[PDB]
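With compact mmCIF, C-alpha atoms and all ligand atoms inside, this is my_file.txt:
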# COMPACT_ATOMS: atom_id res chain seq x y z
CA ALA D 1 11.29 60.48 144.71
CA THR D 2 12.69 61.72 148.07
CA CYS D 3 14.19 59.02 150.24
CA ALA D 4 13.97 58.92 154.02
CA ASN D 5 17.50 60.37 154.26
CA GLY D 6 16.44 63.55 152.35
CA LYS D 7 18.23 62.48 149.17
CA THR D 8 16.25 62.36 145.93
CA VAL D 9 16.24 59.48 143.41
CA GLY D 10 14.51 58.89 140.10
CA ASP D 11 12.78 55.77 141.44
CA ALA D 12 11.64 55.30 144.99
CA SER D 13 12.64 51.59 144.89
CA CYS D 14 16.24 52.79 144.80
CA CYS D 15 15.97 54.45 148.22
CA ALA D 16 16.78 51.22 150.10
CA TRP D 17 20.24 51.13 148.43
CA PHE D 18 21.31 54.25 150.42
CA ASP D 19 21.34 52.06 153.55
CA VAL D 20 23.33 49.41 151.73
CA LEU D 21 25.72 52.19 150.51
CA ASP D 22 26.25 53.62 154.00
CA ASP D 23 26.90 50.18 155.42
CA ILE D 24 29.43 48.93 152.88
CA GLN D 25 31.34 52.29 152.72
CA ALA D 26 31.99 52.12 156.45
CA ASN D 27 32.07 48.36 157.03
CA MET D 28 33.50 46.78 153.89
CA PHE D 29 35.53 49.58 152.24
CA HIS D 30 37.17 51.04 155.39
CA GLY D 31 35.53 54.41 154.99
CA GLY D 32 35.28 54.69 151.21
CA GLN D 33 38.73 53.52 150.08
CA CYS D 34 40.00 52.03 146.90
CA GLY D 35 41.91 49.27 148.69
CA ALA D 36 41.94 45.45 148.79
CA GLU D 37 38.14 45.11 149.47
CA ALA D 38 37.22 47.50 146.64
CA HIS D 39 39.58 45.55 144.26
CA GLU D 40 38.17 42.20 145.41
CA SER D 41 34.57 43.46 144.83
CA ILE D 42 35.34 44.63 141.26
CA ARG D 43 36.87 41.19 140.44
CA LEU D 44 33.77 39.41 141.83
CA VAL D 45 31.57 41.24 139.27
CA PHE D 46 33.44 39.55 136.42
CA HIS D 47 33.51 36.03 137.95
CA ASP D 48 29.78 36.16 138.67
CA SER D 49 28.79 37.63 135.27
CA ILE D 50 30.91 35.96 132.61
CA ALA D 51 29.70 32.48 133.63
CA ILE D 52 27.04 32.26 130.90
CA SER D 53 27.23 30.19 127.72
CA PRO D 54 24.69 30.13 124.89
CA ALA D 55 27.03 27.54 123.18
CA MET D 56 26.56 25.14 126.11
CA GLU D 57 22.81 25.82 126.21
CA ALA D 58 22.66 24.90 122.50
CA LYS D 59 24.31 21.50 123.37
CA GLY D 60 21.30 21.16 125.71
CA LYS D 61 23.31 21.76 128.99
CA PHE D 62 22.79 24.59 131.50
CA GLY D 63 25.40 27.21 130.60
CA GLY D 64 25.06 29.50 133.68
CA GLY D 65 22.82 32.50 134.41
CA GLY D 66 25.35 35.34 134.00
CA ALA D 67 24.99 38.23 136.54
CA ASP D 68 22.74 36.23 138.89
CA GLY D 69 24.62 36.03 142.19
CA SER D 70 25.35 32.33 141.56
CA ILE D 71 28.96 32.63 142.74
CA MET D 72 27.58 33.80 146.12
CA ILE D 73 24.57 31.46 146.59
CA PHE D 74 26.52 28.43 145.22
CA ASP D 75 29.97 29.47 146.49
CA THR D 76 30.93 25.97 147.68
CA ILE D 77 30.76 24.85 144.05
CA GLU D 78 31.84 28.00 142.18
CA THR D 79 34.67 29.24 144.36
CA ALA D 80 36.32 25.78 144.13
CA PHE D 81 36.81 26.26 140.31
CA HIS D 82 40.46 27.11 139.61
CA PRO D 83 39.78 30.43 137.83
CA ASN D 84 37.91 31.57 140.90
CA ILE D 85 40.78 31.04 143.39
CA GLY D 86 40.65 33.48 146.31
CA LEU D 87 36.98 34.40 145.80
CA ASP D 88 35.77 32.16 148.61
CA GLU D 89 37.04 34.93 150.95
CA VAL D 90 35.47 37.73 148.92
CA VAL D 91 32.10 35.96 148.98
CA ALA D 92 32.46 35.32 152.74
CA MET D 93 33.08 39.08 153.23
CA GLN D 94 30.05 40.10 151.20
CA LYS D 95 27.41 37.48 152.00
CA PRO D 96 26.33 38.82 155.45
CA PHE D 97 25.56 42.23 153.96
CA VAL D 98 23.17 40.61 151.41
CA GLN D 99 21.38 38.69 154.15
CA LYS D 100 21.23 41.79 156.35
CA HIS D 101 19.79 44.15 153.69
CA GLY D 102 17.47 41.64 152.02
CA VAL D 103 18.66 42.44 148.46
CA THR D 104 19.39 39.79 145.84
CA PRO D 105 22.94 38.46 145.72
CA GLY D 106 23.31 39.40 142.01
CA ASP D 107 22.19 43.00 142.65
CA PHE D 108 24.56 43.29 145.67
CA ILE D 109 27.55 42.06 143.60
CA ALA D 110 26.82 44.63 140.91
CA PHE D 111 26.26 47.37 143.54
CA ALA D 112 29.43 46.62 145.50
CA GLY D 113 31.52 46.61 142.28
CA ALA D 114 30.07 50.03 141.21
CA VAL D 115 30.62 51.52 144.70
CA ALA D 116 34.19 50.02 144.87
CA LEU D 117 35.00 51.79 141.54
CA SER D 118 33.41 55.07 142.69
CA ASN D 119 36.02 55.10 145.52
CA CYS D 120 38.98 54.91 143.03
CA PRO D 121 40.08 58.35 141.73
CA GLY D 122 39.62 58.58 137.97
CA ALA D 123 36.80 56.04 137.73
CA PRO D 124 33.85 56.65 135.38
CA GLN D 125 30.51 57.69 136.93
CA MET D 126 29.27 54.08 137.49
CA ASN D 127 25.83 52.79 136.67
CA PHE D 128 23.71 50.57 138.86
CA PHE D 129 20.58 48.73 137.74
CA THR D 130 18.55 46.40 139.98
CA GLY D 131 16.42 43.36 139.09
CA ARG D 132 18.62 40.27 139.11
CA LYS D 133 16.63 37.31 140.47
CA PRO D 134 18.43 34.77 142.63
CA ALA D 135 20.49 32.30 140.55
CA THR D 136 18.65 29.10 139.58
CA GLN D 137 21.71 26.79 139.68
CA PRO D 138 25.50 27.05 139.98
CA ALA D 139 27.41 27.91 136.79
CA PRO D 140 29.48 25.09 135.28
CA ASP D 141 33.28 25.35 135.28
CA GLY D 142 35.28 26.20 132.14
CA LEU D 143 33.67 29.63 131.75
CA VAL D 144 36.03 32.02 133.54
CA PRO D 145 39.32 32.66 131.71
CA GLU D 146 42.71 31.62 133.17
CA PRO D 147 45.91 33.77 133.00
CA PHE D 148 47.48 30.92 130.98
CA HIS D 149 44.75 30.69 128.27
CA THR D 150 45.58 31.81 124.76
CA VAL D 151 44.27 34.99 123.15
CA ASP D 152 42.19 32.83 120.80
CA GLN D 153 40.52 31.06 123.69
CA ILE D 154 39.77 34.26 125.55
CA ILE D 155 38.24 35.97 122.49
CA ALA D 156 36.13 32.84 121.84
CA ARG D 157 35.00 32.84 125.48
CA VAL D 158 33.72 36.47 125.52
CA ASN D 159 32.23 36.10 122.00
CA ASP D 160 30.21 33.20 123.42
CA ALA D 161 29.28 34.81 126.79
CA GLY D 162 27.95 38.12 125.55
CA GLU D 163 28.87 38.48 121.90
CA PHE D 164 31.58 40.91 123.09
CA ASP D 165 34.22 41.71 120.46
CA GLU D 166 38.00 41.66 120.83
CA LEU D 167 38.08 45.46 121.38
CA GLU D 168 35.57 45.23 124.27
CA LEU D 169 37.79 42.49 125.75
CA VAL D 170 40.61 45.08 126.05
CA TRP D 171 38.18 47.59 127.56
CA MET D 172 37.03 45.30 130.35
CA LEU D 173 40.70 44.53 131.26
CA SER D 174 40.93 48.23 132.29
CA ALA D 175 39.84 46.85 135.73
CA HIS D 176 43.42 45.52 136.11
CA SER D 177 44.32 49.23 136.67
CA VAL D 178 42.89 48.91 140.26
CA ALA D 179 43.99 45.39 141.14
CA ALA D 180 46.54 43.08 142.74
CA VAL D 181 47.36 39.38 142.59
CA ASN D 182 47.24 37.25 145.67
CA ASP D 183 47.42 33.71 144.33
CA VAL D 184 49.74 33.48 141.32
CA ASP D 185 53.08 33.88 143.19
CA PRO D 186 52.92 31.52 146.16
CA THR D 187 55.54 33.55 148.01
CA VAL D 188 53.76 36.92 148.15
CA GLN D 189 50.22 38.26 148.17
CA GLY D 190 49.14 41.60 146.73
CA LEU D 191 51.48 42.28 143.82
CA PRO D 192 49.70 45.04 141.79
CA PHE D 193 49.12 44.88 138.04
CA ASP D 194 50.13 48.56 137.65
CA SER D 195 52.03 51.14 139.75
CA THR D 196 48.76 52.93 140.72
CA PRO D 197 46.41 50.23 142.14
CA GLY D 198 44.45 52.97 143.92
CA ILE D 199 43.87 54.97 140.76
CA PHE D 200 41.68 54.11 137.76
CA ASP D 201 44.10 55.22 135.02
CA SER D 202 45.99 53.88 132.04
CA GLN D 203 49.18 52.90 133.91
CA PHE D 204 48.19 49.28 133.37
CA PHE D 205 48.25 49.83 129.57
CA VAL D 206 51.60 51.66 129.77
CA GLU D 207 53.37 49.24 132.14
CA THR D 208 52.37 45.98 130.47
CA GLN D 209 53.98 47.41 127.30
CA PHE D 210 57.47 47.51 128.87
CA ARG D 211 59.86 44.70 128.04
CA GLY D 212 59.66 42.08 130.79
CA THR D 213 62.99 41.88 132.63
CA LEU D 214 62.32 40.40 136.07
CA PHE D 215 60.03 38.35 138.27
CA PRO D 216 58.76 40.50 141.20
CA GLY D 217 58.93 37.49 143.68
CA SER D 218 59.40 33.85 142.58
CA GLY D 219 59.70 32.51 139.06
CA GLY D 220 58.16 29.44 137.42
CA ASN D 221 54.49 30.22 138.26
CA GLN D 222 51.81 29.20 135.79
CA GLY D 223 50.15 32.19 134.15
CA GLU D 224 52.95 34.59 135.18
CA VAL D 225 55.50 36.20 132.88
CA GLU D 226 58.19 38.80 133.59
CA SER D 227 57.30 42.43 134.26
CA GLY D 228 59.52 45.51 133.84
CA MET D 229 59.04 46.82 137.41
CA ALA D 230 59.99 45.59 140.89
CA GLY D 231 56.85 44.83 142.91
CA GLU D 232 54.64 44.61 139.79
CA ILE D 233 53.30 41.29 138.47
CA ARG D 234 52.41 40.59 134.84
CA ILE D 235 50.17 37.67 133.72
CA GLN D 236 50.50 35.90 130.40
CA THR D 237 47.12 36.94 128.94
CA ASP D 238 47.72 40.69 129.62
CA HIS D 239 51.23 40.36 128.24
CA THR D 240 50.00 38.62 125.05
CA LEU D 241 46.96 40.89 124.49
CA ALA D 242 49.28 43.94 124.60
CA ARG D 243 51.34 42.38 121.81
CA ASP D 244 48.78 40.48 119.69
CA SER D 245 48.07 42.11 116.31
CA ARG D 246 44.34 41.80 116.99
CA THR D 247 44.46 43.86 120.18
CA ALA D 248 47.77 45.76 120.39
CA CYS D 249 46.51 49.04 118.92
CA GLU D 250 43.41 48.97 121.15
CA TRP D 251 45.61 48.32 124.14
CA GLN D 252 47.82 51.28 123.27
CA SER D 253 44.87 53.59 122.55
CA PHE D 254 44.22 54.08 126.29
CA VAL D 255 47.68 55.46 126.93
CA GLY D 256 47.25 59.23 127.59
CA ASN D 257 43.52 59.01 126.75
CA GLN D 258 41.47 59.29 129.89
CA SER D 259 38.16 60.07 128.15
CA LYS D 260 38.37 56.91 125.98
CA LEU D 261 39.37 54.81 129.03
CA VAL D 262 36.42 56.13 131.18
CA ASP D 263 33.73 56.09 128.50
CA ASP D 264 34.52 52.59 127.25
CA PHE D 265 34.82 51.14 130.75
CA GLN D 266 31.52 52.74 131.93
CA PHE D 267 29.87 50.99 128.97
CA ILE D 268 31.47 47.57 129.26
CA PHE D 269 31.08 47.42 133.07
CA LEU D 270 27.29 47.99 132.75
CA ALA D 271 27.17 45.35 129.96
CA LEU D 272 28.87 42.76 132.21
CA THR D 273 26.43 43.41 135.02
CA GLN D 274 23.52 42.82 132.64
CA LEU D 275 24.65 39.40 131.31
CA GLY D 276 21.77 36.93 131.52
CA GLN D 277 19.29 39.82 132.18
CA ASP D 278 16.75 41.84 130.21
CA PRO D 279 17.84 45.51 130.50
CA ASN D 280 14.25 46.52 129.89
CA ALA D 281 13.08 44.73 132.99
CA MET D 282 15.68 46.41 135.23
CA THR D 283 15.37 49.60 137.32
CA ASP D 284 17.99 52.32 137.00
CA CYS D 285 19.37 53.16 140.45
CA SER D 286 22.55 54.85 139.12
CA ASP D 287 21.73 58.00 141.12
CA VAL D 288 22.53 56.14 144.34
CA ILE D 289 26.27 55.69 143.38
CA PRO D 290 28.63 58.39 144.76
CA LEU D 291 30.11 60.85 142.28
CA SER D 292 33.55 59.62 141.14
CA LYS D 293 36.66 61.55 142.24
CA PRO D 294 39.17 63.15 139.93
CA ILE D 295 42.79 61.94 139.96
CA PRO D 296 44.61 64.19 142.40
CA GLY D 297 47.43 66.50 141.47
CA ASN D 298 48.12 67.99 138.10
CA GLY D 299 50.73 65.62 136.67
CA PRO D 300 50.13 64.14 133.22
CA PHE D 301 47.37 61.46 133.04
CA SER D 302 49.85 58.89 131.73
CA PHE D 303 53.60 58.71 132.34
CA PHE D 304 56.64 56.53 132.50
CA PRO D 305 57.33 55.68 136.17
CA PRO D 306 60.70 56.79 137.61
CA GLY D 307 63.51 54.88 136.00
CA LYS D 308 61.61 53.90 132.85
CA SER D 309 61.65 55.52 129.44
CA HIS D 310 60.39 55.17 125.95
CA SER D 311 63.20 52.80 125.16
CA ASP D 312 61.72 50.19 127.59
CA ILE D 313 58.59 49.98 125.46
CA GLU D 314 58.02 46.99 123.22
CA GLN D 315 56.12 48.59 120.31
CA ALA D 316 53.35 46.25 119.08
CA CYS D 317 50.73 48.59 117.49
CA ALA D 318 51.84 48.71 113.85
CA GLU D 319 49.77 51.81 112.93
CA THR D 320 50.53 54.17 115.76
CA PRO D 321 53.82 54.51 117.65
CA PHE D 322 53.70 54.52 121.38
CA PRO D 323 53.16 58.07 122.63
CA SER D 324 55.96 60.18 124.05
CA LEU D 325 55.22 60.34 127.78
CA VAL D 326 57.15 62.21 130.48
CA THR D 327 59.25 60.16 132.85
CA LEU D 328 58.50 60.96 136.50
CA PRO D 329 61.73 62.14 138.16
CA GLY D 330 63.81 60.13 140.51
CA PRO D 331 65.13 56.68 140.95
CA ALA D 332 63.17 53.53 140.42
CA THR D 333 60.77 52.60 143.17
CA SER D 334 59.40 49.13 144.00
CA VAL D 335 55.56 49.03 143.64
CA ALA D 336 54.17 48.47 147.15
CA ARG D 337 52.16 45.33 147.61
CA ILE D 338 48.51 45.55 148.74
CA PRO D 339 47.79 43.12 151.56
CA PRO D 340 44.58 41.16 150.93
CA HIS D 341 41.45 41.61 153.06
CA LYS D 342 42.20 40.36 156.56
CA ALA D 343 39.43 37.92 157.18
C1 LIG X 401 41.07 37.36 130.27
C2 LIG X 401 40.32 37.83 131.24
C3 LIG X 401 41.06 37.91 132.62
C4 LIG X 401 41.98 37.13 133.20
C5 LIG X 401 42.73 35.93 132.66
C6 LIG X 401 42.25 37.70 134.51
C7 LIG X 401 43.13 37.21 135.46
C8 LIG X 401 43.37 37.69 136.76
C9 LIG X 401 44.16 37.04 137.79
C10 LIG X 401 45.18 35.91 137.52
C11 LIG X 401 44.05 37.82 138.87
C12 LIG X 401 44.60 37.53 140.30
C13 LIG X 401 43.65 36.59 141.03
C14 LIG X 401 44.30 35.92 142.22
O1 LIG X 401 45.54 35.95 142.35
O2 LIG X 401 43.47 35.41 143.02
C15 LIG X 401 43.10 38.87 138.62
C16 LIG X 401 42.74 39.90 139.47
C17 LIG X 401 41.73 40.84 139.25
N1 LIG X 401 40.94 40.96 138.10
FE1 LIG X 401 41.20 39.89 136.41
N2 LIG X 401 41.38 38.72 134.74
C18 LIG X 401 40.67 38.92 133.57
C19 LIG X 401 39.60 39.81 133.44
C20 LIG X 401 39.05 40.69 134.37
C21 LIG X 401 37.96 41.61 134.13
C22 LIG X 401 37.26 41.70 132.75
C23 LIG X 401 37.75 42.29 135.25
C24 LIG X 401 36.70 43.40 135.42
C25 LIG X 401 36.01 43.33 136.50
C26 LIG X 401 38.77 41.90 136.23
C27 LIG X 401 39.10 42.49 137.44
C28 LIG X 401 40.05 41.99 138.35
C29 LIG X 401 40.49 42.70 139.55
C30 LIG X 401 39.88 44.04 139.98
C31 LIG X 401 41.46 41.96 140.10
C32 LIG X 401 42.20 42.22 141.43
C33 LIG X 401 41.64 41.43 142.63
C34 LIG X 401 42.30 41.85 143.97
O3 LIG X 401 42.97 42.89 143.94
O4 LIG X 401 42.11 41.05 144.92
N3 LIG X 401 39.54 40.89 135.66
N4 LIG X 401 42.73 38.77 137.29
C1 LIG X 402 40.83 59.47 122.84
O1 LIG X 402 40.20 58.47 122.01
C2 LIG X 402 39.00 59.07 121.52
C3 LIG X 402 38.20 57.98 120.81
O2 LIG X 402 39.01 57.35 119.87
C4 LIG X 402 39.50 60.05 120.45
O3 LIG X 402 38.30 60.75 120.01
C5 LIG X 402 38.23 60.75 118.46
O4 LIG X 402 39.44 61.40 117.80
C6 LIG X 402 39.40 60.89 116.35
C7 LIG X 402 40.75 61.25 115.70
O5 LIG X 402 41.44 62.40 116.20
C8 LIG X 402 38.10 61.47 115.67
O6 LIG X 402 38.07 60.98 114.26
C9 LIG X 402 36.79 61.13 116.48
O7 LIG X 402 35.58 61.84 116.08
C10 LIG X 402 36.92 61.51 118.00
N1 LIG X 402 35.82 60.99 118.92
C11 LIG X 402 35.27 59.74 119.08
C12 LIG X 402 34.41 59.65 120.32
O8 LIG X 402 35.43 58.84 118.34
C13 LIG X 402 40.47 61.13 120.93
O9 LIG X 402 41.25 61.63 119.81
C14 LIG X 402 41.42 60.50 121.90
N2 LIG X 402 41.94 61.67 122.70
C15 LIG X 402 43.31 61.74 122.73
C16 LIG X 402 43.73 62.73 123.77
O10 LIG X 402 44.01 61.09 122.05
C1 LIG X 403 46.99 53.61 116.25
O1 LIG X 403 46.34 54.32 117.33
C2 LIG X 403 46.07 55.72 117.13
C3 LIG X 403 45.22 56.18 118.33
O2 LIG X 403 45.87 57.26 119.08
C4 LIG X 403 45.45 56.05 115.76
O3 LIG X 403 44.02 56.14 115.92
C5 LIG X 403 45.81 55.07 114.67
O4 LIG X 403 44.92 55.12 113.55
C6 LIG X 403 45.84 53.63 115.25
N1 LIG X 403 45.97 52.67 114.18
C7 LIG X 403 45.39 51.47 114.29
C8 LIG X 403 46.14 50.34 113.62
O5 LIG X 403 44.31 51.21 114.89
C1 LIG X 404 59.77 46.14 146.08
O1 LIG X 404 59.67 46.68 147.37
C2 LIG X 404 58.37 46.88 147.90
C3 LIG X 404 58.58 47.29 149.37
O2 LIG X 404 59.14 48.61 149.21
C4 LIG X 404 57.42 45.65 147.86
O3 LIG X 404 56.16 46.03 148.38
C5 LIG X 404 57.46 45.06 146.48
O4 LIG X 404 56.73 43.80 146.48
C6 LIG X 404 58.85 44.88 145.92
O5 LIG X 404 59.58 43.80 146.52
CA CA X 405 26.81 33.91 137.88
CA CA X 406 46.07 52.20 138.07

Starting from the file, lay out its structure as structure tokens.
Amino acid sequence: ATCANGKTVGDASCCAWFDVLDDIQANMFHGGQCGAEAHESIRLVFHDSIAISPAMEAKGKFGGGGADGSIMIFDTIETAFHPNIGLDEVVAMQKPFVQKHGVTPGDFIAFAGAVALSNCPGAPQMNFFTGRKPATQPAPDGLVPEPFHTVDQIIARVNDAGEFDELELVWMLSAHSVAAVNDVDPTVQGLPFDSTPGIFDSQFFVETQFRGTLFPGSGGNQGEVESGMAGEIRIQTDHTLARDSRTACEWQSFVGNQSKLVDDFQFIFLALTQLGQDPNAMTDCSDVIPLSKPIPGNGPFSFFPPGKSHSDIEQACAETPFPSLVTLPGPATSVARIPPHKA
């Protein structure tokens, strides 16, 4: 099919998404950046999608519709749940675009998350399928994991939601490679999870493996543990998954392995966006998503940031020792915070 703009797509129903693309690149993502709005959009995909529970349905209670736009249509209820803190502002940013373009809220969430990733150097070539009907009812609470939950709880939660295994759990946490934390430390907003919040890479997997030695801002915050880098925050779940015998080797496998990181995340991201949907009833509009950019420069894919070395690593994968990475030259640098979207 040839859209009105002269671009060709596999299915003419996808043509309308070029107007949504042009709008959000200029008006939500500040010209196509991998900044606060792109990070916020990627997070929203998970909080919309994971709120599905066959276990609850079996106890005869509504367990949530998965990737249905519920968090947007029923934001007064959903964004008030503790795991969803800060998403009221993300929904407020996105909602007018849905109304303006006449697309479903669930499809817009999925679209914005795929476009947000496409702006981050190193991201996989993201898929985009349409067809999510408007949510029937708000999801219940207790479905989105907290940074203070145990590994057992988190595994149980994703097993229930989508029959995802503990390896896939590690894969979807790759999104913490392009992310910051606004609400865990009450004294500062925008502490990144890795030293490259603008780059989809494995620095998250490297940096969470360092021994925790400081708090980047304040201490005594629920869900927060020490990190090994000034300016970088670490949450308890990421810390414990990197060290748990069930997931440690999987965590470490992404270090220096860009193809595994990209292929697994492409897969798991699509899976999230299809929770509560029938893939067979959806239309593939993946050809609307911009081609992903390569990581600039020609340094190594993975490295130890300046001032860190292999001896800072807390080895947890019993079967494979942590790879020998180069240390970038120079003195230690504080990871710059990423100011949240200015409402
Ligand atoms: C065990 C599962 C997870 C837990 C406990 C967790 C926890 C957190 C917390 C505590 C924050 C900061 C939120 C705030 O301060 O408002 C956050 C940020 C974020 N998370 Fe997760 N998360 C998990 C899984 C995921 C997954 C699977 C995705 C994939 C989409 C994702 C993507 C994001 C992104 C991109 C951000 C940054 C948001 C921004 O920069 O504003 N998270 N996560
Ligand atoms: C990145 O991880 C991928 C997937 O594990 C690795 O690809 C496999 O390498 C193993 C062992 O060398 C083989 O038995 C498999 O056939 C390969 N492919 C897949 C898709 O499973 C690859 O070794 C890793 N690349 C680096 C640079 O470590
Ligand atoms: C440790 O990880 C490496 C991946 O580079 C090897 O595949 C090795 O077999 C792994 N062992 C375990 C325990 O999974
Ligand atoms: C170290 O310093 C940077 C400013 O250079 C901050 O952005 C960071 O939060 C940390 O305090
Ligand atoms: Ca939902
Ligand atoms: Ca990164």

Subject >> Test item: residues no farther than 6 Å from ligand LIG 401 (chain X), counting only C-alpha atoms and all ligand atoms, as a ChimeraX atom specification >> reply: /D:36,39-40,42-43,45-46,85-86,145-147,154,172-173,175-176,178-184,237

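Between CA of residue 70 (chain D) and atom CA of ligand CA 405 (chain X) the separation is 4.3 Å.
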
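Using only C-alpha atoms, the protein and nucleic acid residues lying at most 9 Å from the point (43.7, 47.1, 114.9) are residues 167, 245, 246, 247, 248, 249, 250, 317, 318 and 319 of chain D.
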
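Closest to residue 301 (chain D) among D:160, D:287, D:201, D:152 is D:201, based on all atoms listed in the file.
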
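Pairwise distance (CA of residue 21 (chain D), CA of residue 288 (chain D)) equals 8.0 Å.
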
Subject >> d(CA of residue 37 (chain D), CA of residue 93 (chain D)) in Å >> reply: 8.7 Å

Original post:
Taking all atoms listed in the file into account, which of D:193, D:128, D:269, D:171 comes nearest residue 208 (chain D)?
Top reply: D:193

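If only C-alpha atoms are the atoms counted, then among D:77, D:295, D:139, D:16 the closest residue to residue 56 (chain D) is D:139.
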
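Proximal residues of ligand LIG 404 (chain X) are residues 188, 189, 190, 191, 192, 216, 217, 229, 230, 231, 232, 333, 334, 335, 336, 337 and 338 of chain D, by a cut-off of 9 Å on all atoms listed in the file.
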